[PDB]
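# Chain and residue survey
Listed below are the residues making up each chain.
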Protein chains: 2
Amino acid sequence: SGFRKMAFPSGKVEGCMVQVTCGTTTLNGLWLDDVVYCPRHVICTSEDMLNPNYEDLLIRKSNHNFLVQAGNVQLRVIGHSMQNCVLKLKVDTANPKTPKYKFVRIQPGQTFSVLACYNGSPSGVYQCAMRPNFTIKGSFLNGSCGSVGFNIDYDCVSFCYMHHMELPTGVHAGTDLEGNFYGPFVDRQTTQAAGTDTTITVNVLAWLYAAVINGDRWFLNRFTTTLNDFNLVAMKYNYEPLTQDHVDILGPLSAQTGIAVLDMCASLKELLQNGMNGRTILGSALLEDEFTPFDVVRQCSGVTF
Amino acid sequence: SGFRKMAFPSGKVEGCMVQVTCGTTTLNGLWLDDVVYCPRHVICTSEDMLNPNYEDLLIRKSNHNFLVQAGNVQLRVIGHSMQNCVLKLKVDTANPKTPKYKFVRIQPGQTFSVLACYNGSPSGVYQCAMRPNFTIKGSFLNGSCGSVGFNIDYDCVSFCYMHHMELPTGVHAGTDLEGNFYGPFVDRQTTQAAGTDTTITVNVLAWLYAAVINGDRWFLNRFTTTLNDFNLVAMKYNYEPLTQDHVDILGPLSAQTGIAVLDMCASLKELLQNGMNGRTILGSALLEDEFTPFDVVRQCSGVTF
Ligand SMILES: *[C@@](O)(c1nc2ccccc2s1)[C@H](C[C@@H]1CCNC1=O)NC(=O)[C@H](CC(C)C)NC(=O)c1cc2c(OC)cccc2[nH]1
Ligand SMILES: *[C@@](O)(c1nc2ccccc2s1)[C@H](C[C@@H]1CCNC1=O)NC(=O)[C@H](CC(C)C)NC(=O)c1cc2c(OC)cccc2[nH]1
């Protein structure tokens, strides 16, 4: 027992990280098979950054302008192209450590692990959720671009995220591995605003189930509610509306624990209206929304890779 | 910017995890060079577990009774011995993935990463602190024994923890890699109580520095205090006494931010006496004590491995 914010083991992704240098800009890339993926603004200089013409910068580049290093070793670049906000560099050597992988685009509310890297080297790993406003609450400094987010299913790495920018509020934005941004952001050196964020209701409920499983059960109350009545309260506290699909995906946890989903919703309503009165749940004084239902089951049942 | 509970990249440790089976008991082991380390109570069955005579059980075992598997491959056991609560199995093949490593015994308040494993396979990675009462607040189920905790410094893995048991209150206890428990616990199937725990004051202060660096500054007050006056308050709120060494190690953060250590202490005092009034710091509604000063600097400055 116990309940922690747990990341996936990072080893399979660690062996894919490289450094990509153009002019004096260095960022991280992802070496899979004979292709290296990285943010396209590696091709930017300090004068190009406010409103770059990436088509114009790229046509002028040559293969030999891109310095790709995998640890101590230079890779030879034999072709290049741009896909949305990502550059693809073809190199003459397939990565021998390439895992089984796929590229996925995740939905808001879904979770993934980030391997923060600098200069093609790992710094650390942590779990994130895609916020409803399409940001992530990450930890990234200068040089972190091209760090990736991922899930693992047995032996298959699903890459979902590549890091591009920090917004004013100190939250983070990036792309999928086809180079399309999550949210309405663009890769230019300019100020952009994340929308108002909301709390991921279905994850909060999943985590209340985790709490019950772990013996934290003080917040279970004597009430039930309806989806509609709960939603009146969710709108008030900036929670995502609960949908039928959400009720549905909480079904397994509900059956495991014998606590009906709408009874847990009633317990959540009371927590929102009454606060926590200085108490804690799973060691937190806030209601946690960065565990999905899948995450709770995985952790509470000990799934491995 | 941003500040997250960050684990070390787990790749170098993932390559060392194996499965060790005796009779019907399977737990995890750590394969370094030509030795496999695992909890000694792999040699227990259900009759032996309440008060095992490990000397008698081990003298009666032979090399061939221990089944060691790395992936789908059996390793051949060519010797065995016991050191405190750890069994050491000599095998005929040195682990080709052995990283640079050492064994360290850490002090209360220090942090490390856990790679939770089942059946010799990794499940997930998370950061823990050694609590003042020598427990850890982990996430471990049946089968997790022999999972290890570690720090990384450049290319060197310092192993500090091997998992052995869960205590009544849902916290966790284990040994260093020489098989000596942290705390007064023993490896027998019996109820044992952790002492009352206390908050790791120097870590709370480090995290308040992290907050200031990341722009969270509302709690900075207009007061200073002394070590002795602060300690009067720490005793009251079950905080570890702050010592001169603690003040000392906060020096770099203090110089970076221009906020004197005792001024930060005075800010902490006010937070303890007044509470947070429903506000948050680095997205937490509690004062977080599982980041060391070292951790804050590493994360805020982008150190890599
Ligand atoms: C990433 O590491 C990159 N750095 C560079 C440097 C030169 C060329 C290309 C790149 S990509 C970097 C990651 C950031 C830094 C701090 N935390 C992070 O997560 N990303 C950027 O610096 C990014 C580059 C753009 C070309 C996309 N810009 C921003 O994150 C950014 C720019 C602004 C801004 O511009 C006027 C105003 C406010 C906020 C802001 N963030
Ligand atoms: C670990 O995976 C092991 N399992 C076995 C099974 C058979 C033989 C040896 C071992 S080691 C296991 C990890 C636990 C399970 C749940 N969460 C964990 O972290 N450790 C144990 O099960 C451990 C074995 C002892 C021989 C050291 N025992 C306990 O954790 C334990 C025993 C008691 C108890 O006994 C009467 C009362 C209360 C609490 C308790 N915990």
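Each chain carries its own residue count, beginning from 1 and running in the order its sequence is written; this scheme need not agree with the entry numbering, and residues with no coordinates do not appear. Here the convention is simple: chains get letters from A, ligands get numbers from 1, in the order in which they are written. Excluded from the side-chain calculations are hydrogens and water; all other atoms, namely the structure's heavy atoms, are used.

Structure determination for this PDB entry was carried out by X-ray crystallography, with a resolution of 1.49 Å recorded in the header.

Looking at the PDB entry, one finds chain A named 3C-like proteinase nsp5, with Severe acute respiratory syndrome coronavirus 2 as its source organism.

Numbering goes from the N terminus for both helices and strands, where a helix is a DSSP run of H or I of at least four residues and a strand is a run of E of at least two. Residue position: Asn231 of chain B is located in helix α4 (residues 227-236). We classify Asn231 of chain B as buried; its relative accessible area is 15%. Type-normalised accessible area, obtained with a 1.4 Å probe on protein chains alone, sets the label of each residue: buried when under 20%, exposed when over 50%, and partly exposed for intermediate values.

Any two residues whose heavy atoms approach within 4.5 Å are treated as being in contact. Each side of the interface is counted separately: chain B has 44 residues, and chain A has 44 residues. Once two parts are put together, the accessible area they lose, assessed with a 1.4 Å probe and summed over both, is termed the buried area. Here chain B and chain A share an interface that buries about 3100 Å² over both sides, 53% of which is from carbon and sulfur atoms. If you sort the residues of chain B by the area they bury against chain A, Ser1, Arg4 and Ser123 of chain B come out on top, with a joint share of 23%. Under this definition, polar contacts are N or O atom pairs within 3.5 Å; protein pairs additionally need one hydrogen-donor-capable and one acceptor-capable atom, and for neighbouring residues in sequence, both atoms have to be side-chain atoms. Joining chain B to chain A, the criterion identifies 28 residue pairs in polar contact.

Residue and element names in this part refer to chain A. In the region of ligand 1, 18 residues are neighbours, and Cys145, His163, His164, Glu166 and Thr190 sit closest. The side chain of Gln189 places a nitrogen or oxygen atom 3.1 Å from a nitrogen atom of ligand 1. The separation between an oxygen atom of ligand 1 and a polar main-chain atom of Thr190 is 3.0 Å. In isolation ligand 1 offers 810 Å² of accessible surface; the protein chains occlude 80% of this area. Residues are counted as near a molecule or strand when any one of their heavy atoms sits within 4 Å of it. Methods summary: accessible areas were calculated by the Shrake-Rupley approach with a probe of 1.4 Å, and residue burial reflects only the protein chains presented.

For the rest of this paragraph, the subject is the site of ligand 2. Residues and elements named next belong to chain B. Inspection of the region around ligand 2 gives 18 residues, with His41, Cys145, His163, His164 and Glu166 positioned closest. At a separation of 3.3 Å, an oxygen atom of ligand 2 approaches a polar backbone atom of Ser144. In the environment of ligand 2, a nitrogen atom lies 2.7 Å from a nitrogen or oxygen atom belonging to the backbone of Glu166. Computed on the free molecule, ligand 2 has an accessible area of 810 Å², of which 79% lies beneath the protein chains in the complex. Each residue gets one label: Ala, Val, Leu, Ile, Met, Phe, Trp, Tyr, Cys and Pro are nonpolar, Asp, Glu, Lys and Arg are charged, and the others, such as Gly, are polar. Among the residues making up the shell around ligand 2, the classes are represented as 5 nonpolar, 11 polar and 2 charged. Looking at which domains feed residues into the shell around ligand 2, each of domain 1 (15-91) and domain 2 (99-175) supplies at least three. Note that the domain bounds were set by an automatic or database domain assignment.

Once that is clear, we can look at the packing of aromatic side chains. Residue and element names in this part refer to chain B. Side-chain rings of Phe, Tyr and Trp, where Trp is taken by its six-membered ring, are said to pair if the distance between their centres is within 6.5 Å; with planes under 30 degrees apart they count as stacked, over 60 as edge-to-face, and otherwise as tilted. If you walk through the whole model with that rule in mind, you get 18 aromatic pairs over all chains. Here the aromatic rings of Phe8 and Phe305 are separated by 5.2 Å at their centres, their planes lie at 70°, and the arrangement is edge-to-face. A residue pair is termed long-range when its members are at least 10 positions apart, and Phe8 in the segment before α1 (11-14) and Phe305 in the segment after α8 (293-301) qualify at 297 residues. For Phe305, a relative accessible area of 18% puts it in the buried group.

This part is about helix α8 (residues 293-301) of chain A. Burial in α8 of chain A covers these residues: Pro293, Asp295, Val296, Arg298 and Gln299 of chain A. On the buried face of α8 of chain A, the contacting elements are β9 (111-118), β10 (121-129), α3 (201-213), α5 (244-249) and α6 (251-257) of chain A together with β10 (121-129) of chain B.

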